[PDB]
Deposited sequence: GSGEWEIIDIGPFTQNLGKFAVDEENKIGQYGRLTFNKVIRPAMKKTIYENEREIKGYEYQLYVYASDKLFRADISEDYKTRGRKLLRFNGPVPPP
């Protein structure tokens, strides 16, 4: 696949919210409150397209985490791949 840097507009913020919502279902960090996604946001496109992956820096409950998210082209399904941290600011 190929990687590009993307903006941190509303669509990206909603991916961050997705990630925190999914991590809350897992419960590994306890209950987290989504704050914001910060730069840099990275997007991978996997080939007709199979899907996408995102690597995001997400503040939740005033702590910084790294979240990876997949998105399937044909099913539109999103999945949280991993959620790690706290991490230092980029």
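- Taking the first deposited residue as 1, the stretches without any C-alpha atom are 1-2, 50-53.
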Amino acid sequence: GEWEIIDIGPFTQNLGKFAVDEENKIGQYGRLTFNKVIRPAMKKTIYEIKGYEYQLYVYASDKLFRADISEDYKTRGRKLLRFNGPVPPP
From here on, numbers count along this sequence of modelled residues.
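- Each of 66, 79, 17, 74 has a CA temperature factor in the record; the biggest one is found at 74.
- For residue 41, the recorded CA B-factor ranks within the lowest third of the chain. Only modelled residues enter the ranking.
- Compared with the other modelled residues of the chain, the Cα B-factor recorded for residue 58 ranks in the middle third.
- Sort the chain's modelled residues by C-alpha temperature factor and residue 8 lands in the middle third, per the entry.
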